[PDB]
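Asker: Sequence first, structure after; it's an experimental one.
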Amino acid sequence: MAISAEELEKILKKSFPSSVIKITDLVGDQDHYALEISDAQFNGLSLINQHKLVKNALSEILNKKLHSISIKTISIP
């Protein structure tokens, strides 16, 4: 609950450990965290699959609570 943004990556590591997780502030006012994942596993997937995967990687282990945030997809680091 309200866990640090630096821990948000620890969760994405469950399925994407090598992946590069980074958070960025867009408004710096409300609970709006800009997630940035980079790896060679999100190649070929769709904007829906990439956005869903990140949610599934935490929907199985339930590492972090269920919230809504921006999830940017990056390939070929």
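Answerer: Great, that's in hand. Residues are numbered from 1 along each chain as shown.

Asker: Quick one: list the elements packing against the longest helix seen in the chain.
Answerer: Ranked by residue count under DSSP state H, the longest helix found in the chain is helix 47-56. Contacts defined by 3 or more C-beta pairs under 8 Å, 6 or more residues apart in numbering; DSSP states H and E place helix 47-56 against strand 33-39, strand 70-75. Every C-beta, even on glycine, is put in place using the N, C-alpha and C of the backbone.

Asker: Can you tell me the strand partners of the longest one and which way each runs?
Answerer: By that I understand strand 33-39. strand 22-25 (antiparallel), strand 70-75 (parallel) (DSSP bridges).

Asker: how about the residue of the chain positioned farthest from its centre, secondary structure?
Answerer: Computed with C-alpha atoms, centre = their mean, the maximum C-alpha offset from the centroid of the chain is found at residue 29, amounting to 19.8 Å. Classification of residue 29 using DSSP: H, G, I helix; E, B strand; the rest coil returns coil.

Asker: Return the distance of it relative to residue 4.
Answerer: 18 Å (C-beta to C-beta, to the nearest Å).

Asker: if I read this right, residue 32 contacts residue 25, doesn't it?
Answerer: Yes: using C-beta atoms under 8 Å, residue 32 makes contact with residue 25 at a distance of 7.4 Å.

Asker: So which of the two has more stuff around it?
Answerer: Shown here are residue 32 and residue 25; by other C-beta atoms under 10 Å, residue 32 has more neighbours (13 against 10).
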